[PDB]
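What follows is each chain in one-letter form.
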Amino acid sequence: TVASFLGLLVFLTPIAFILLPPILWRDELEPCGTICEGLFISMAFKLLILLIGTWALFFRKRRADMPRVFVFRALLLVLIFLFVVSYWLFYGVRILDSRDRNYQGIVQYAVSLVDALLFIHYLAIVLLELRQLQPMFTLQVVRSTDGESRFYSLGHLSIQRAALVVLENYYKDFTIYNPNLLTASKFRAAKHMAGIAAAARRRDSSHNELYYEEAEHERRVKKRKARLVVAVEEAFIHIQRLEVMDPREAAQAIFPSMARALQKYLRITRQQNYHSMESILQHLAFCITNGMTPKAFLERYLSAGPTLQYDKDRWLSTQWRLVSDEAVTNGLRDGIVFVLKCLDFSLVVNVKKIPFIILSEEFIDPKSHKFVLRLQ
Amino acid sequence: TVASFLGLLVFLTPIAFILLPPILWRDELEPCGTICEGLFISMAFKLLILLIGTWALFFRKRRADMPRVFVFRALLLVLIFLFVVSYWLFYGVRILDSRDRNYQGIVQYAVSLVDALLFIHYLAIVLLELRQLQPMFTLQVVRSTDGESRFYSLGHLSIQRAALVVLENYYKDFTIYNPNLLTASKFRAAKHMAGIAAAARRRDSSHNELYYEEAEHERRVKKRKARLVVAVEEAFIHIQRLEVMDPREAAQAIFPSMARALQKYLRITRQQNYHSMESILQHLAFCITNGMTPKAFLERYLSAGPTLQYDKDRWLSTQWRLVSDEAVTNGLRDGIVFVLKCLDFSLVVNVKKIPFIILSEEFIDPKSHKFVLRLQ
Amino acid sequence: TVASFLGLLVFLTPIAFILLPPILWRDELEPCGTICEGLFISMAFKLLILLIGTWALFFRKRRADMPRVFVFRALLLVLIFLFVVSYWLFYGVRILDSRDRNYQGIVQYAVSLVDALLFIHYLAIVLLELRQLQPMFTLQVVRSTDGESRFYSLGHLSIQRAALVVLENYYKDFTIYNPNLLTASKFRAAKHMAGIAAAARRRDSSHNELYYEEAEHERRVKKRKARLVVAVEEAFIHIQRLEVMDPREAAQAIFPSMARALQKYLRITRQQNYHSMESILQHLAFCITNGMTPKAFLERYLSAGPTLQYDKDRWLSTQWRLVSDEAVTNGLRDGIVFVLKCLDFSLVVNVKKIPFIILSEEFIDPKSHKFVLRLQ
């Protein structure tokens, strides 16, 4: 395409530095003999190592769109460009123009090119993968609706790359954003809007409704959970592993005996918008095929679950906004705050530094662990 | 042994390329002088670096037996074999046969060998340790008895290596498989086997036993836990840190005042098969020696605990089976399912891909956070 | 300073090996021509790569004080010292003394120096960052007051570096040490000290106070939590995002309507020593500025929270003591125990080895998942 063509040009540059004196002006070249051929073999093995490493670490599609320019890949592209153009200029001005008759020096120049390309590959993987390993900072990520918070540890990243790592961990650690679990407090606040220090005294002696409503709601959730467990066990017990039928029709056969209890449990825990009937039938046939217990079937539906269990059009990644005060290409430091705003919520992330820890030693004699039975 | 002998041959190959013209046919060699000696010193430092790195990253026992052939170590062994045999053939056909009189070229050939061996070591650690760092995929691992599930993040691994990482995390994250916590549902299902849409209506209006049995069982567990805490505190209070006695006899002295309450708590939570009396005495003497609180002693027994707290003959690793549809040497991709079957359960693992995330920016003026006290 | 001056000397050593024959004794040097100049260009690019990599991975302040000497950095410093002193001795005894007239060999000697310095940098990052990646051991860390325990996975570290990783994870995973949550058991033990097998029988039939005290305390905590949620919602509802006022004065305006309920909740959960009024006002203005819900404000105060949320003078890192039996520079192995003693508690850490896992395969026909509706 584009980058493959430039990679082909960089890969064929040392070979083109080799092949041109045995093509253009053969009648003048001194015989290299056994000096040149071992250099050719070493060049071939180093080009093979470079091709295998380049395929291993750089033949992959990009994974994110970052706001500003990525600094280190730009530095690597400028370095490779100046490097290859400088070698082509030195080959064209001195070697190819004046027709430098010793072929040994041209082969050694090409071997030095292949060596420096190998060290460019090493510097590339150092700048892109090894500087971020040693944990220098910690990050607190708080979602600004339910308050759920996680800590992470990162090295020397930029604000872009740290935000990308936080967004990687969001779909894995945090539960899915449920807007129906939040209206019960907003309706309560708008009910308080219908009607300072002295009023706060009359509030705490005036029969808290919230405790009894939470207790009654937890009792209803546990009762619906118990009836769901009974219905799913007595529904799974109706099929035998061996009329012969595929697992989709077996799921369709055992589903109408568990359907209404599951619908009532999804309504009582406010999860009815995440699970269609086709999703439940696909997961049911999945658990039927793999040979799973009814609790292994129900574990997807009992809890809230993380963001990436669900359908691909329910979680969304193509609209994230990075609110920050400084430039996002700057590295992390102690005491900065940046916000990852989604369409309805936000992840407030603040960074602290891992402190300077001083260790020392004690020399405890191991025979001092002998003691008595006196009343302590 | 075997691999140490081949490593010794690879390490002594450049030195043998050096030493043979100053042994066999000394009377013909031109004087190298100061050109050769700096190359000898650079060769010695590069061999020292190669030996230290080889000891640092490859002198260790293998950790797993994988079903099919490992692809990357086979590629590295084929690469090293073809490399060393090609250099021995080029040394024997051209240099040693024709007796190439310039010793400088032979020393430069050996230095090129040591350089290419260093880049082979670099390519080895790239293929074995650096390609798996960047998280490309996520994995859902569900145990098919109680439904307990974990998410993990992996890079470009094969199905073998991903299964090995899942089995690493199983002994650390998941609680131990307890078959006695599962018979209460199978007996209930077999009781339902003693005797579709209309029958599901009569079930949900017919006095759920499961909720009241769970509530009564939780009350009994909390009462036995309270009496266990009282017994363990009043048992630990009978010894003083200072008849002088070692911690084993102190554990034997304070154990008969906590033994029956611990036995009743292990029976009520169905953990009596995991903890013998000798295990409890060893852990008791451990917590006595290190100076730990009674709750620090009881935390091993209150919860279920992960798989690797227990005895080595209770968790088992020499029988795992990898059920998969495609070849297990293939890399991970989006939407595949593979099963790790143990002797009594299974880990169903399905792989999803981390999505393409698009970040953008907002430019919020920091003086817009000034606002009013009007009724919202 | 000191290390920057030595790094400048190491960086200027190859350039000083280059520049001295074109300064001291110019009248004798043979013309290098086009052989030397490509070596100069390759030398310049390799020095640039070395400088960028050295800045990327070694220009940072040290993060910890370890008890004994660090082995691998000492090995790297001895290696660099012997390397640079050996090249200066070989340059002074042979090249500079005898005035070696071929400048090509001197330039090749300098290029070999730059190559071996690049491999020294590679060996440095291998010994310091890559050997610890592959998980060989697991670690159980138990805090010896409340019993809270975590498992971690580490590679081939020393006891110093493993203790540093455990202390990194302590401020992130473990909740903060609260000494007021521990006196209720010590007062109970001292009450039992006011007054063996037969006495343990009379205890378990004598009205456990602890269960009813825990149930009543949990009821009081839930009631104070409910009134706190009501007070914080009706306090946040009194401001509108738009007299115009900054968020500090908005926090001061809405704080006296939530203050007493928060004070009662911090007293009932024994957290009144961690949160001053200024900390609550700063966090309140933080959540007001970022636009967070009242539950997002309260999540800092509802739970106990990890160690590093709080003030820098509350958690302490400059007094940790490493109690161990063997030398702390030794590597990890299976079955060792070391203790990290803080001023009032201790982390007992014991190390187990990740077991040798044997995988095999099953070949299940995918058409065997067709089955019947017979009564199981």
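Residues numbered from 1 in each chain as written, not as in the entry; some residues may be left out. Chains lettered and ligands numbered in written order. Part of a larger assembly, values for the part shown. Heavy atoms only, no water.

For this entry, the PDB record names cryo-EM as the structure determination method and reports a resolution of 3.0 Å.

Peer 1: Describe the overall build of chain A, listing the residues and the values that go with them.
Peer 2: Summing up its helical and strand segments, chain A has 12 helices and 7 strands in all. Taking 21 Å as the expected radius of gyration for a compact globule of 376 residues, we find that chain A reaches 33 Å, considerably beyond that expectation. In terms of principal-axis extent, the alpha carbons of chain A reach across some 105 × 70 × 65 Å. Sorting the 376 residues of chain A into buried and exposed places 48% on the buried side. Looking at chain A as shown, the accessible area adds up to about 18700 Å², and 57% of this sits on carbon and sulfur atoms. If you average the places of the 47 positive and of the 35 negative side-chain charges in chain A, the two averages end up 8 Å apart. (Helix = DSSP H or I, 4+ residues; strand = E, 2+ residues; numbered from the N terminus. Rg over C-alpha atoms; globule rule 2.2 N^0.38 Å. Buried < 20%, exposed > 50% of the residue type's maximum accessible area, 1.4 Å probe, protein only. Areas by Shrake-Rupley, 256 points an atom, 1.4 Å probe, with all protein chains shown as cover. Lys, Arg positive; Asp, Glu negative; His and termini not counted. Charge placed at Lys NZ, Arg CZ, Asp CG, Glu CD.)

Peer 1: Hey, could you go over the state of the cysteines for me, with residue numbers and the actual values?
Peer 2: Overall, the coordinates contain 3 disulfides over all chains when judged by the stated rule. Each sulfur in the disulfide pair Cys32 of chain B and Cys36 of chain B lies 2.0 Å from the other. Looking at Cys36 of chain B, the relative accessible area reads 2%, which means it is buried. Free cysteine: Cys342 of chain A, not disulfide-bonded; nearest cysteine sulfur from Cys287 of chain C at 19 Å. Judged by its relative accessible area of 4%, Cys342 of chain A falls in the buried class. (Disulfide = S-S within 2.5 Å.)

Peer 1: Kindly report on the pairing of strand β6 (residues 346-353) of chain C, identifying the contributing residues and their values.
Peer 2: All names here are of chain C. Counting buried residues in β6 gives 6 out of 8 residues, a clear majority hidden from the surface. Bridge count for strand β2 (residues 137-143) against β6 is 7 bridges, and the pairing is antiparallel. Counted as the bridge partner of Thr138 is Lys352 from β6. Linking strand β5 (residues 337-341) back to β6 in an antiparallel pair, the connection comprises 4 residues. (Pairing = 2+ DSSP bridges.)

Peer 1: Residue-level account of the packing of helix α8 (residues 209-236) of chain A against helix α10 (residues 259-268) of chain A, with values.
Peer 2: Residues and elements named next belong to chain A. Where α8 contacts α10, the axes come no closer than 9 Å and their chain directions differ by 155 degrees. As the angle between them shows, α8 and α10 are arranged roughly antiparallel. Considering how the two elements wind past one another, α8 and α10 form a crossing that is left-handed. For the pair formed by α8 and α10, the contact residues are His217, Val221, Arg224, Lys225, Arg227, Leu228 and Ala231 on the first element and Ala261, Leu262, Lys264, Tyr265 and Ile268 on the second. Grouping the constituent residues of the contact of α8 with α10 by class yields 7 nonpolar, 1 polar and 4 charged. (Axes fitted to C-alpha atoms, helices over the stretch in contact; angles between N-to-C directions. Parallel < 35°, antiparallel > 145°, perpendicular 65-115°, else oblique. Left-handed = near helix turned anticlockwise from the far one by under 90°. Contact = heavy atoms within 4.5 Å. Nonpolar A, V, L, I, M, F, W, Y, C, P; charged D, E, K, R; others polar.)

Peer 1: Could you give an account of the nonpolar core, naming the residues involved and the relevant values?
Peer 2: Grouped together as the largest cluster of nonpolar side chains are 128 residues, with contacts concentrated most on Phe83 of chain A, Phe83 of chain B together with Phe83 of chain C. Those residues in contact with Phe83 of chain A that lie beyond four places of it in its chain are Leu113, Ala116, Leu117 and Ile120 of chain A together with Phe45 of chain C. (Core = buried A, V, L, I, M, F, W, Y, C linked by side-chain atoms within 4.5 Å.)

Peer 1: Tell me about the packing of aromatic side chains, and please be specific about residues and values.
Peer 2: Applying the stated criterion to the full structure yields 69 aromatic pairs over all chains. Consider the rings of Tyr211 of chain C and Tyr212 of chain C, whose centres lie 5.3 Å apart with planes at 65 degrees: the pair is edge-to-face. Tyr211 of chain C gets classed as buried once you look at its relative accessible area, which sits at 16%. A relative accessible area of 43% places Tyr212 of chain C in the partly exposed class. The rings of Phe17, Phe83, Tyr87, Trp88, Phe90, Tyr91 and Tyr109 of chain A together with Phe45 of chain C are connected pair by pair, giving a single aromatic cluster. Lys353 of chain A extends its terminal NZ or CZ atom over the ring of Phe137 of chain A, reaching a point 4.8 Å from the ring centre. Positioned above the aromatic ring of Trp55 of chain B, the side-chain terminus of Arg131 of chain C is 5.5 Å from the ring centre. (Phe/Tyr/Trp six-rings, centres within 6.5 Å; stacked < 30°, edge-to-face > 60°. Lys NZ or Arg CZ within 6 Å of the ring centre and 35° of its normal.)

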